[PDB]
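Chemist: Structure in structure tokens, see below.
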Amino acid sequence: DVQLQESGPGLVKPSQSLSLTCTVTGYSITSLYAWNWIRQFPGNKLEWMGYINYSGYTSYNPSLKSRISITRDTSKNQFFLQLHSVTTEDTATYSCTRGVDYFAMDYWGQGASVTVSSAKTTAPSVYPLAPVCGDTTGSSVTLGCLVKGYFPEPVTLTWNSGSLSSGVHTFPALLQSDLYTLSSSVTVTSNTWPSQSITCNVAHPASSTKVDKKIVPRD
Amino acid sequence: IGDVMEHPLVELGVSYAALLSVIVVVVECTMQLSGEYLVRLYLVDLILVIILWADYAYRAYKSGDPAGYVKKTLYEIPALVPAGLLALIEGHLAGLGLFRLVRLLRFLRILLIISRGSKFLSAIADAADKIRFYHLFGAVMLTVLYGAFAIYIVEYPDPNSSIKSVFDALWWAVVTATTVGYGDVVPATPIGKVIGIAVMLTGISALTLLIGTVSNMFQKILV
Amino acid sequence: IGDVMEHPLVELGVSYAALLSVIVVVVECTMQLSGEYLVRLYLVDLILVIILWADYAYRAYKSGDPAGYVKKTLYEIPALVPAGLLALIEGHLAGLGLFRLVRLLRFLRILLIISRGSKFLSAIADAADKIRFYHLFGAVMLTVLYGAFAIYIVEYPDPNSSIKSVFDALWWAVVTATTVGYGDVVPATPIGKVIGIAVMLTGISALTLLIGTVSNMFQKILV
Amino acid sequence: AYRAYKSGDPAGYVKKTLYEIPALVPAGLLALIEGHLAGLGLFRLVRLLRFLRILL
Amino acid sequence: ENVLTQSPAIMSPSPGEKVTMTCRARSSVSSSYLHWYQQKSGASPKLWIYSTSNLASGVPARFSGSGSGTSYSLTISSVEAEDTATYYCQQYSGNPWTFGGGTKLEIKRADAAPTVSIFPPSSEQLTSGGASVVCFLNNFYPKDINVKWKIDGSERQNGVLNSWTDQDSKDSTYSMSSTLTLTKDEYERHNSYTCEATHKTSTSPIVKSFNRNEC
């Protein structure tokens, strides 16, 4: 019945302050419990960074102690994370959780990816992968969306804004040089399409790119 | 325009929108600076602290007894000590992620507070309604400062700008914000003035609440 | 801070809290001085008396007849004399610890007062609601004075501070409090200014009620 | 424009905007469509869209 | 840094089977400060068990947790597809909180071949001046599979990007896409493009294909 939301730059240049703003809703950060920042490394390691509680007293993690600074804005019900001079290693997925009794974290935010790099943030092009010209394998029909050449991660992709999620497979973005590529397949019923319309909705925050591309069959 | 449209009211009406726009920006970014809920929310709530500690200490030296003043206080105000202990206990419960208990104490506090009081809630309120003034005092004197600072930047250089000291720039800002405008310290830089209009626009409007409040406090000590 | 935390906004934000704090003290102790319910409650309610006696006397010399003015008064205002006698009688009852009777007379007064009146309670009210203005006038002009006095202390010494006379210091205080700020009399002592901000903060906010009230009296003689 | 130069990215600032504020674009299109209906003295339909707008 | 160690590192249980995990700490931890989270592929962790044995919210009773001191254990009375994930324990003793290395857990499924689908470049892209041929290999098991691109009968390695979805929750299978990307020129110079999905399921591979000359 509650939710926190990470938000901020998805990319930061080596030795520059990484910043984040978690805005919680459905509860007050000044009523109780501790609100902390948890980052997850590429190896999928989980490292607690530190917190700030209802009373506003901060507890950081020793390792980050000289760089980290958790603060908050009681007014808007949101606390933030600040990391001085990040490095290639600080690239991870930062997220905010709510520490409860005995510090069990019950509410985790969406999780926010943050890449540290000199590479320039680039926008993706997305194409409609509409089936071959006569691939009647059966009563099933598969279509796809190819999103390529973007930086940094992540990109968001849904089908029909989401009113379509059964028979969908969205492959992990793969990194080439300093550009990512990602695709997604979605299987409907021969009768389901092309009768009713199906659309690929991709969005790449960093490049401020949002595009909904309709999958029409062609010639 | 009732004469084949006037030329003058063409190349000027858009030349003024080019001047106001400056101010509107300067103004706009000043309401942002002092609006930063992270930057300003700590700078103020801090300047406030240094106001009390640096105050209380003085009301303490005027007594010869330094700590003497301290005891006299913990004494005349009994609750100030059992409260501190609750704070320490709540905090040690908190530090241990023992929020369930913290839930308790915080409530077992309200009770303990209501009981020992009835003319007490007044002393707590009149005290809270007091730090709030000290808060405002900051926020305002803070926006004033900017203006002062800003006038410094674009005035410090020019020959005999009157605005030499950084303090001198504050004097101007304050005298201006209050609408007293002594005049002993005016910009002198055509650009410093463009800014002066914003410091005025801001500093006055801001200083107003202050005086407005400082003026309500007075209609109470005179009644 | 979004850049490995800024150095400038460190050693200055605490340097300003060291300046405001001064004012806050000066201000704080001025709201105490004029707040002393023993010191100020008599100095004002007295300055008030000397305002009337020294006024009435003048409205009395402008008539050639000194006592002539006195009779004309005891005459146009009949109640002023039977009242005085009641005051004397109540007081002789009081002086004798005969408060039971005093209880009486005080009540036998209210009656006697209601009766002889209906457009009378207006003349008594409009009179009371009148001395109240005279009270405020003091309280304010009094806080003004302090500022003036205070500016004197830290300004009288320095070479050609403009603030020579003690009166000259009042001129400054008044002109400032009204926000008119002629400027012919500015501090000149860096410290005298630190104080000026408080005299301004106070004097204006205080002078405001005055004008505010003096401005309500006017919207009545013009209606 | 100024809050846009302080970002180095001129148009960069523009997209970031059309993005953070989604409604700003479907609104513009409605404006254009209402206006082309208007320009044609097709006010009956304009009546509609304007209302089908309030709902939306 | 009271480090927690989890075991095993990977775990491949089968639908219906029982199974246990382990989390051991350098120092001792208070049983009430030990928690487990269940991180499903591409989502943030969910509190699964707090204070050693107390099941968090929506967690089914197929789960359970117990232990104390410097050794705790998370147990599933019976695994089920929806169980594919990684479990991390969390402790609070010293100043720094700490998580285990997690324990992946993939369910074993009935070997089932892929369902290949191939897509030519999109009229949109070709115009933009490029040509990627996407070939999806969906819902198959096991993970280990291999695609081989053949342009005009000749194998191509030059410029092929592969991506794998982690194990599927519904059916516990995997999927995969491989995109051959030629320039618009090289593309309109060859005629047949085909991807061959070789896999454990069969001796000969499944194969989809198309010739640039469409209807």
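By order in the structure tokens, chains are A, B, ...; within a chain, residues start at 1; ligands start at 1, following the order shown.
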With a distance threshold of 12 Å and counting only C-alpha atoms, extract the residues of chain D near chain B and express them as number ranges by chain.
Modeler: D: 1-3
Chemist: Could you tell me which residues of chain A sit within 12 Å of chain B when counting only C-alpha atoms, and give me the result as an NGL selection string?
Modeler: :A and (21 or 31-35 or 51-59 or 69-82 or 98-105)
Chemist: Please identify all residues of chain E having at least one atom at most 8 Å from any atom of chain A, considering only C-alpha atoms, and return them as a PDB file with N, CA and C atoms, in the first residue's frame.
Modeler:
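The resulting file, iface-v8.pdb, is reproduced below:
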```pdb
ATOM      1  N   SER E  32      16.739 -12.605  15.323  1.00  0.00           N
ATOM      2  CA  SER E  32      15.697 -11.686  14.900  1.00  0.00           C
ATOM      3  C   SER E  32      16.181 -10.609  13.941  1.00  0.00           C
ATOM      4  N   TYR E  33      17.459 -10.633  13.595  1.00  0.00           N
ATOM      5  CA  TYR E  33      17.990  -9.648  12.663  1.00  0.00           C
ATOM      6  C   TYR E  33      18.404 -10.301  11.361  1.00  0.00           C
ATOM      7  N   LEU E  34      17.960 -11.537  11.157  1.00  0.00           N
ATOM      8  CA  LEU E  34      18.289 -12.274   9.948  1.00  0.00           C
ATOM      9  C   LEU E  34      17.075 -12.248   9.034  1.00  0.00           C
ATOM     10  N   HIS E  35      17.289 -11.850   7.778  1.00  0.00           N
ATOM     11  CA  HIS E  35      16.201 -11.775   6.803  1.00  0.00           C
ATOM     12  C   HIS E  35      16.589 -12.326   5.442  1.00  0.00           C
ATOM     13  N   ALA E  43      14.049  -7.616 -11.347  1.00  0.00           N
ATOM     14  CA  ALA E  43      13.150  -6.940 -10.411  1.00  0.00           C
ATOM     15  C   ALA E  43      14.004  -6.667  -9.168  1.00  0.00           C
ATOM     16  N   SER E  44      13.518  -5.859  -8.235  1.00  0.00           N
ATOM     17  CA  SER E  44      14.310  -5.621  -7.035  1.00  0.00           C
ATOM     18  C   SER E  44      13.846  -6.653  -6.012  1.00  0.00           C
ATOM     19  N   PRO E  45      14.696  -6.994  -5.037  1.00  0.00           N
ATOM     20  CA  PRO E  45      14.385  -7.974  -4.002  1.00  0.00           C
ATOM     21  C   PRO E  45      13.054  -7.754  -3.316  1.00  0.00           C
ATOM     22  N   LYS E  46      12.466  -8.851  -2.839  1.00  0.00           N
ATOM     23  CA  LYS E  46      11.214  -8.806  -2.095  1.00  0.00           C
ATOM     24  C   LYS E  46      11.505  -9.465  -0.760  1.00  0.00           C
ATOM     25  N   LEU E  47      11.053  -8.867   0.341  1.00  0.00           N
ATOM     26  CA  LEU E  47      11.278  -9.477   1.654  1.00  0.00           C
ATOM     27  C   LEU E  47      10.545 -10.822   1.647  1.00  0.00           C
ATOM     28  N   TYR E  50      11.454 -12.688   7.476  1.00  0.00           N
ATOM     29  CA  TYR E  50      12.123 -11.782   8.389  1.00  0.00           C
ATOM     30  C   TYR E  50      12.319 -12.465   9.710  1.00  0.00           C
ATOM     31  N   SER E  51      13.336 -12.015  10.435  1.00  0.00           N
ATOM     32  CA  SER E  51      13.655 -12.581  11.731  1.00  0.00           C
ATOM     33  C   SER E  51      13.617 -14.102  11.627  1.00  0.00           C
ATOM     34  N   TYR E  92      22.198  -8.036  10.585  1.00  0.00           N
ATOM     35  CA  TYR E  92      22.517  -6.765  11.217  1.00  0.00           C
ATOM     36  C   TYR E  92      23.142  -7.036  12.552  1.00  0.00           C
ATOM     37  N   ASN E  95      28.033  -2.278  12.626  1.00  0.00           N
ATOM     38  CA  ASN E  95      27.500  -1.096  11.982  1.00  0.00           C
ATOM     39  C   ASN E  95      26.951  -1.337  10.595  1.00  0.00           C
ATOM     40  N   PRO E  96      27.732  -1.994   9.710  1.00  0.00           N
ATOM     41  CA  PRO E  96      27.297  -2.274   8.332  1.00  0.00           C
ATOM     42  C   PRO E  96      26.377  -3.483   8.176  1.00  0.00           C
ATOM     43  N   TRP E  97      25.296  -3.282   7.432  1.00  0.00           N
ATOM     44  CA  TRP E  97      24.335  -4.342   7.168  1.00  0.00           C
ATOM     45  C   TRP E  97      25.048  -5.224   6.137  1.00  0.00           C
ATOM     46  N   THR E  98      24.569  -6.436   5.907  1.00  0.00           N
ATOM     47  CA  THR E  98      25.280  -7.287   4.973  1.00  0.00           C
ATOM     48  C   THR E  98      24.414  -8.349   4.326  1.00  0.00           C
ATOM     49  N   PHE E  99      24.664  -8.599   3.047  1.00  0.00           N
ATOM     50  CA  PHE E  99      23.903  -9.598   2.314  1.00  0.00           C
ATOM     51  C   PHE E  99      24.775 -10.785   1.880  1.00  0.00           C
ATOM     52  N   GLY E 100      24.137 -11.937   1.665  1.00  0.00           N
ATOM     53  CA  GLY E 100      24.861 -13.112   1.216  1.00  0.00           C
ATOM     54  C   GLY E 100      25.131 -12.997  -0.278  1.00  0.00           C
ATOM     55  N   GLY E 101      25.824 -13.967  -0.860  1.00  0.00           N
ATOM     56  CA  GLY E 101      26.091 -13.894  -2.284  1.00  0.00           C
ATOM     57  C   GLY E 101      24.891 -14.334  -3.108  1.00  0.00           C
ATOM     58  N   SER E 117      11.425 -18.382 -34.890  1.00  0.00           N
ATOM     59  CA  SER E 117      10.668 -17.415 -35.670  1.00  0.00           C
ATOM     60  C   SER E 117      11.710 -16.473 -36.246  1.00  0.00           C
ATOM     61  N   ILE E 118      11.623 -16.179 -37.534  1.00  0.00           N
ATOM     62  CA  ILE E 118      12.625 -15.320 -38.146  1.00  0.00           C
ATOM     63  C   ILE E 118      12.025 -14.075 -38.765  1.00  0.00           C
ATOM     64  N   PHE E 119      12.710 -12.949 -38.607  1.00  0.00           N
ATOM     65  CA  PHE E 119      12.232 -11.686 -39.148  1.00  0.00           C
ATOM     66  C   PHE E 119      13.263 -10.971 -39.988  1.00  0.00           C
ATOM     67  N   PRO E 120      12.860 -10.533 -41.180  1.00  0.00           N
ATOM     68  CA  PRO E 120      13.745  -9.816 -42.099  1.00  0.00           C
ATOM     69  C   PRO E 120      13.910  -8.397 -41.566  1.00  0.00           C
ATOM     70  N   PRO E 121      14.763  -7.582 -42.211  1.00  0.00           N
ATOM     71  CA  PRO E 121      14.911  -6.218 -41.698  1.00  0.00           C
ATOM     72  C   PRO E 121      13.571  -5.500 -41.881  1.00  0.00           C
ATOM     73  N   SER E 122      13.385  -4.366 -41.213  1.00  0.00           N
ATOM     74  CA  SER E 122      12.127  -3.651 -41.335  1.00  0.00           C
ATOM     75  C   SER E 122      12.233  -2.534 -42.341  1.00  0.00           C
ATOM     76  N   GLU E 124      11.354   0.165 -42.312  1.00  0.00           N
ATOM     77  CA  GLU E 124      11.758   1.383 -41.631  1.00  0.00           C
ATOM     78  C   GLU E 124      13.270   1.477 -41.588  1.00  0.00           C
ATOM     79  N   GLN E 125      13.887   0.461 -40.990  1.00  0.00           N
ATOM     80  CA  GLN E 125      15.335   0.400 -40.839  1.00  0.00           C
ATOM     81  C   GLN E 125      16.102   0.467 -42.154  1.00  0.00           C
ATOM     82  N   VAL E 134      16.397 -10.430 -37.430  1.00  0.00           N
ATOM     83  CA  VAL E 134      16.154 -11.036 -36.108  1.00  0.00           C
ATOM     84  C   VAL E 134      15.523 -12.421 -36.165  1.00  0.00           C
ATOM     85  N   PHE E 136      14.134 -15.206 -33.445  1.00  0.00           N
ATOM     86  CA  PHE E 136      13.822 -15.547 -32.053  1.00  0.00           C
ATOM     87  C   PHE E 136      13.725 -17.056 -31.870  1.00  0.00           C
ATOM     88  N   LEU E 161      24.724 -10.726 -32.687  1.00  0.00           N
ATOM     89  CA  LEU E 161      24.507 -10.393 -31.280  1.00  0.00           C
ATOM     90  C   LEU E 161      23.461 -11.313 -30.649  1.00  0.00           C
ATOM     91  N   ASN E 162      23.841 -12.042 -29.597  1.00  0.00           N
ATOM     92  CA  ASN E 162      22.905 -12.941 -28.937  1.00  0.00           C
ATOM     93  C   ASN E 162      22.487 -12.506 -27.547  1.00  0.00           C
ATOM     94  N   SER E 163      21.236 -12.777 -27.194  1.00  0.00           N
ATOM     95  CA  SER E 163      20.718 -12.410 -25.882  1.00  0.00           C
ATOM     96  C   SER E 163      19.802 -13.493 -25.330  1.00  0.00           C
ATOM     97  N   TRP E 164      19.978 -13.814 -24.057  1.00  0.00           N
ATOM     98  CA  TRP E 164      19.171 -14.842 -23.414  1.00  0.00           C
ATOM     99  C   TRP E 164      18.332 -14.322 -22.265  1.00  0.00           C
ATOM    100  N   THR E 165      17.088 -14.772 -22.210  1.00  0.00           N
ATOM    101  CA  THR E 165      16.207 -14.385 -21.127  1.00  0.00           C
ATOM    102  C   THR E 165      16.545 -15.343 -20.010  1.00  0.00           C
ATOM    103  N   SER E 175      14.511 -18.496 -23.470  1.00  0.00           N
ATOM    104  CA  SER E 175      14.257 -17.988 -24.801  1.00  0.00           C
ATOM    105  C   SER E 175      15.525 -17.310 -25.245  1.00  0.00           C
ATOM    106  N   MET E 176      15.587 -16.938 -26.512  1.00  0.00           N
ATOM    107  CA  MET E 176      16.780 -16.287 -26.982  1.00  0.00           C
ATOM    108  C   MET E 176      16.598 -15.637 -28.329  1.00  0.00           C
ATOM    109  N   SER E 177      17.303 -14.528 -28.524  1.00  0.00           N
ATOM    110  CA  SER E 177      17.252 -13.788 -29.777  1.00  0.00           C
ATOM    111  C   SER E 177      18.668 -13.607 -30.218  1.00  0.00           C
ATOM    112  N   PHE E 210      14.166 -17.316 -45.097  1.00  0.00           N
ATOM    113  CA  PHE E 210      13.412 -16.560 -46.087  1.00  0.00           C
ATOM    114  C   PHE E 210      14.352 -16.012 -47.139  1.00  0.00           C
ATOM    115  N   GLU E 214      10.398 -11.010 -51.425  1.00  0.00           N
ATOM    116  CA  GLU E 214       9.102 -11.200 -50.771  1.00  0.00           C
ATOM    117  C   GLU E 214       7.866 -11.061 -51.681  1.00  0.00           C
ATOM    118  N   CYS E 215       6.725 -11.577 -51.198  1.00  0.00           N
ATOM    119  CA  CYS E 215       5.433 -11.543 -51.918  1.00  0.00           C
ATOM    120  C   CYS E 215       4.581 -10.294 -51.587  1.00  0.00           C
TER     121      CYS E 215
END
```
Chemist: Could you list, as a PyMOL selection string, the residues of chain B having an atom within 9 Å of chain C when counting only C-alpha atoms?
Modeler: chain B and resi 39+43+46-52+54-55+58-59+134+137-138+141-142+145+167-168+171+174-175+178-184+210-216+218-219+221-223
Chemist: Output the selection as a short mmCIF file (atom, residue, chain, number, x, y, z; two decimals), in the first residue's frame - N, CA and C atoms for each residue.
Modeler:
```
data_model
loop_
_atom_site.label_atom_id
_atom_site.label_comp_id
_atom_site.auth_asym_id
_atom_site.auth_seq_id
_atom_site.Cartn_x
_atom_site.Cartn_y
_atom_site.Cartn_z
N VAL B 39 19.33 22.35 0.17
CA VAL B 39 20.32 23.41 0.28
C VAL B 39 19.87 24.40 1.36
N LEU B 43 20.63 24.96 5.52
CA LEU B 43 21.33 26.21 5.78
C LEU B 43 20.53 27.06 6.76
N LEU B 46 19.89 25.46 10.27
CA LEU B 46 21.20 25.42 10.92
C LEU B 46 21.52 26.81 11.44
N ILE B 47 21.43 27.80 10.56
CA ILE B 47 21.67 29.18 10.95
C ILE B 47 20.86 29.45 12.22
N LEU B 48 19.71 28.79 12.31
CA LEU B 48 18.78 28.91 13.44
C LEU B 48 19.46 28.41 14.71
N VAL B 49 20.01 27.20 14.63
CA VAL B 49 20.69 26.60 15.77
C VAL B 49 21.79 27.52 16.31
N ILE B 50 22.66 27.98 15.42
CA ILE B 50 23.76 28.86 15.78
C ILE B 50 23.25 30.17 16.37
N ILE B 51 21.97 30.45 16.14
CA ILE B 51 21.34 31.66 16.67
C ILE B 51 21.09 31.49 18.16
N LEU B 52 20.57 30.32 18.54
CA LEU B 52 20.26 30.02 19.93
C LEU B 52 21.49 29.78 20.79
N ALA B 54 24.50 30.49 20.32
CA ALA B 54 25.29 31.73 20.38
C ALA B 54 24.54 32.85 21.12
N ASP B 55 23.26 32.62 21.40
CA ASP B 55 22.42 33.57 22.13
C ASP B 55 22.48 33.15 23.59
N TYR B 58 25.36 33.91 25.50
CA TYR B 58 25.52 35.31 25.90
C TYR B 58 24.68 35.64 27.12
N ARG B 59 23.45 35.14 27.14
CA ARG B 59 22.57 35.38 28.27
C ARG B 59 23.16 34.66 29.47
N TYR B 134 12.13 32.38 14.76
CA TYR B 134 13.57 32.27 14.52
C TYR B 134 13.85 31.62 13.18
N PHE B 137 12.99 34.39 10.51
CA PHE B 137 14.06 35.36 10.58
C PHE B 137 15.23 34.97 9.70
N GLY B 138 15.53 33.68 9.68
CA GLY B 138 16.63 33.20 8.88
C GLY B 138 16.26 33.29 7.42
N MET B 141 16.39 36.92 6.23
CA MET B 141 17.72 37.50 6.26
C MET B 141 18.65 36.77 5.30
N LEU B 142 18.23 35.58 4.90
CA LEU B 142 19.00 34.76 3.98
C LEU B 142 18.81 35.26 2.55
N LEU B 145 20.57 38.47 2.06
CA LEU B 145 21.99 38.20 1.79
C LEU B 145 22.32 38.02 0.32
N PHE B 167 30.25 43.33 3.41
CA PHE B 167 29.34 43.79 4.44
C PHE B 167 28.61 45.00 3.87
N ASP B 168 29.37 45.89 3.24
CA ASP B 168 28.82 47.09 2.63
C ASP B 168 27.69 46.71 1.68
N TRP B 171 24.62 45.95 3.84
CA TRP B 171 24.03 47.20 4.30
C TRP B 171 23.04 47.66 3.24
N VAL B 174 20.02 45.30 2.95
CA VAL B 174 19.09 45.49 4.07
C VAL B 174 18.37 46.82 4.02
N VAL B 175 19.12 47.91 3.93
CA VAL B 175 18.50 49.22 3.87
C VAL B 175 17.47 49.26 2.75
N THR B 178 14.19 47.07 3.39
CA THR B 178 13.32 47.70 4.38
C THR B 178 12.63 48.93 3.81
N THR B 179 13.02 49.33 2.60
CA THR B 179 12.49 50.51 1.91
C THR B 179 12.98 51.83 2.54
N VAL B 180 13.94 51.74 3.46
CA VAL B 180 14.51 52.92 4.12
C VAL B 180 15.37 53.70 3.13
N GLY B 181 16.07 52.97 2.27
CA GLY B 181 16.92 53.56 1.25
C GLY B 181 17.75 54.79 1.58
N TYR B 182 18.57 54.70 2.62
CA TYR B 182 19.43 55.82 3.01
C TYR B 182 20.10 56.44 1.79
N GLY B 183 20.67 55.60 0.93
CA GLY B 183 21.31 56.11 -0.27
C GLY B 183 22.83 56.20 -0.23
N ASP B 184 23.40 56.11 0.97
CA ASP B 184 24.84 56.19 1.12
C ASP B 184 25.51 55.07 0.33
N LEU B 210 8.58 39.28 7.52
CA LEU B 210 9.36 39.44 8.75
C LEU B 210 8.76 40.55 9.59
N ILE B 211 8.85 41.79 9.11
CA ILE B 211 8.30 42.94 9.82
C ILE B 211 6.83 42.70 10.15
N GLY B 212 6.12 42.11 9.20
CA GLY B 212 4.71 41.82 9.41
C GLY B 212 4.53 40.96 10.65
N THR B 213 5.39 39.96 10.80
CA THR B 213 5.34 39.07 11.94
C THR B 213 5.92 39.79 13.15
N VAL B 214 7.08 40.39 12.98
CA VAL B 214 7.72 41.13 14.05
C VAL B 214 6.78 42.22 14.53
N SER B 215 5.78 42.55 13.72
CA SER B 215 4.83 43.58 14.09
C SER B 215 3.62 43.00 14.81
N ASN B 216 3.46 41.68 14.75
CA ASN B 216 2.35 41.03 15.44
C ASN B 216 2.82 40.74 16.85
N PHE B 218 4.70 42.56 18.57
CA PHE B 218 4.62 43.81 19.30
C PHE B 218 3.22 44.14 19.77
N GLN B 219 2.22 43.88 18.95
CA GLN B 219 0.85 44.19 19.35
C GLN B 219 0.38 43.21 20.44
N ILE B 221 2.87 42.65 23.31
CA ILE B 221 3.58 43.14 24.47
C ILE B 221 3.06 44.54 24.82
N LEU B 222 2.20 45.08 23.96
CA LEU B 222 1.59 46.40 24.16
C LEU B 222 0.10 46.27 24.46
N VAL B 223 -0.36 45.03 24.68
CA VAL B 223 -1.77 44.75 24.99
C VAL B 223 -1.90 43.95 26.30
#
```
Chemist: Using only C-alpha atoms, determine which residues of chain D fall within 7 Å of chain A; present them as a count of residues only.
Modeler: 3
Chemist: If we count only C-alpha atoms and set the cut-off at 9 Å, which residues sit around residue 141 in chain E, ignoring sequence neighbours fewer than 2 positions away in its own chain? Please answer as number ranges by chain.
Modeler: E: 108-114, 139, 143-145, 172-175, 200-201
Chemist: How would the residues just picked look written out with N, CA and C atoms as a PDB file, in the first residue's frame?
Modeler:
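Everything below was put into again-v2.pdb:
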```
ATOM      1  N   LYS E 108      14.153 -27.687 -12.924  1.00  0.00           N
ATOM      2  CA  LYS E 108      14.427 -28.580 -14.040  1.00  0.00           C
ATOM      3  C   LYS E 108      13.121 -28.824 -14.786  1.00  0.00           C
ATOM      4  N   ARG E 109      13.165 -28.710 -16.104  1.00  0.00           N
ATOM      5  CA  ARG E 109      11.970 -28.889 -16.907  1.00  0.00           C
ATOM      6  C   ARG E 109      12.113 -30.069 -17.866  1.00  0.00           C
ATOM      7  N   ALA E 110      11.003 -30.442 -18.485  1.00  0.00           N
ATOM      8  CA  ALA E 110      11.015 -31.524 -19.444  1.00  0.00           C
ATOM      9  C   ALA E 110      11.620 -30.992 -20.742  1.00  0.00           C
ATOM     10  N   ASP E 111      12.784 -31.519 -21.119  1.00  0.00           N
ATOM     11  CA  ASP E 111      13.445 -31.121 -22.359  1.00  0.00           C
ATOM     12  C   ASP E 111      12.396 -30.830 -23.413  1.00  0.00           C
ATOM     13  N   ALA E 112      12.402 -29.601 -23.913  1.00  0.00           N
ATOM     14  CA  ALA E 112      11.460 -29.189 -24.947  1.00  0.00           C
ATOM     15  C   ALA E 112      12.173 -28.247 -25.919  1.00  0.00           C
ATOM     16  N   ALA E 113      12.133 -28.608 -27.197  1.00  0.00           N
ATOM     17  CA  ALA E 113      12.777 -27.843 -28.260  1.00  0.00           C
ATOM     18  C   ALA E 113      12.275 -26.407 -28.395  1.00  0.00           C
ATOM     19  N   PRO E 114      13.047 -25.554 -29.087  1.00  0.00           N
ATOM     20  CA  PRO E 114      12.665 -24.163 -29.269  1.00  0.00           C
ATOM     21  C   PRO E 114      11.607 -24.002 -30.326  1.00  0.00           C
ATOM     22  N   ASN E 139      10.673 -20.065 -25.724  1.00  0.00           N
ATOM     23  CA  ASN E 139      10.298 -21.122 -24.803  1.00  0.00           C
ATOM     24  C   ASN E 139      10.919 -22.480 -25.088  1.00  0.00           C
ATOM     25  N   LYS E 143      18.722 -24.368 -21.270  1.00  0.00           N
ATOM     26  CA  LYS E 143      19.341 -23.119 -21.688  1.00  0.00           C
ATOM     27  C   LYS E 143      20.342 -23.261 -22.821  1.00  0.00           C
ATOM     28  N   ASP E 144      21.297 -24.177 -22.661  1.00  0.00           N
ATOM     29  CA  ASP E 144      22.332 -24.412 -23.670  1.00  0.00           C
ATOM     30  C   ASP E 144      21.727 -24.720 -25.037  1.00  0.00           C
ATOM     31  N   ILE E 145      21.868 -23.775 -25.958  1.00  0.00           N
ATOM     32  CA  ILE E 145      21.364 -23.929 -27.315  1.00  0.00           C
ATOM     33  C   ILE E 145      22.335 -23.167 -28.205  1.00  0.00           C
ATOM     34  N   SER E 172       9.136 -22.254 -16.833  1.00  0.00           N
ATOM     35  CA  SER E 172      10.506 -22.592 -16.484  1.00  0.00           C
ATOM     36  C   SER E 172      11.373 -22.980 -17.684  1.00  0.00           C
ATOM     37  N   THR E 173      11.190 -22.270 -18.791  1.00  0.00           N
ATOM     38  CA  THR E 173      11.963 -22.500 -20.001  1.00  0.00           C
ATOM     39  C   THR E 173      12.777 -21.247 -20.240  1.00  0.00           C
ATOM     40  N   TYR E 174      13.540 -21.244 -21.326  1.00  0.00           N
ATOM     41  CA  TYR E 174      14.347 -20.087 -21.674  1.00  0.00           C
ATOM     42  C   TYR E 174      13.977 -19.636 -23.070  1.00  0.00           C
ATOM     43  N   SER E 175      14.511 -18.496 -23.470  1.00  0.00           N
ATOM     44  CA  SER E 175      14.257 -17.988 -24.801  1.00  0.00           C
ATOM     45  C   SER E 175      15.525 -17.310 -25.245  1.00  0.00           C
ATOM     46  N   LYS E 200      19.956 -29.792 -27.981  1.00  0.00           N
ATOM     47  CA  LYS E 200      19.840 -31.108 -27.347  1.00  0.00           C
ATOM     48  C   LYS E 200      18.586 -31.893 -27.755  1.00  0.00           C
ATOM     49  N   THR E 201      17.436 -31.221 -27.800  1.00  0.00           N
ATOM     50  CA  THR E 201      16.173 -31.863 -28.166  1.00  0.00           C
ATOM     51  C   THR E 201      16.261 -32.786 -29.389  1.00  0.00           C
TER      52      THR E 201
END
```
Chemist: Step one, run DSSP on the backbone; step two, keep only residues of chain D assigned to helix (DSSP H, G or I); then write them as a VMD selection string.
Modeler: chain D and resid 2 to 5 10 to 20 24 to 38 43 to 55
Chemist: List the spatial neighbours of range 28-31 of chain E as a list in words - criterion: any atom at most 9 Å away, only C-alpha atoms, same-chain residues fewer than 2 positions off excluded.
Modeler: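 So, after excluding close chain neighbours, the residues are residues 2, 24, 25, 26, 33, 34, 35, 51, 52, 53, 66, 67, 68, 69, 70, 71, 72, 91, 92 and 93 of chain E.
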Chemist: Quote the spacing between CA of residue 93 in chain B and CA of residue 105 in chain B in Å to one decimal place.
Modeler: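 Pair CA of residue 93 in chain B / CA of residue 105 in chain B returns 9.5 Å.
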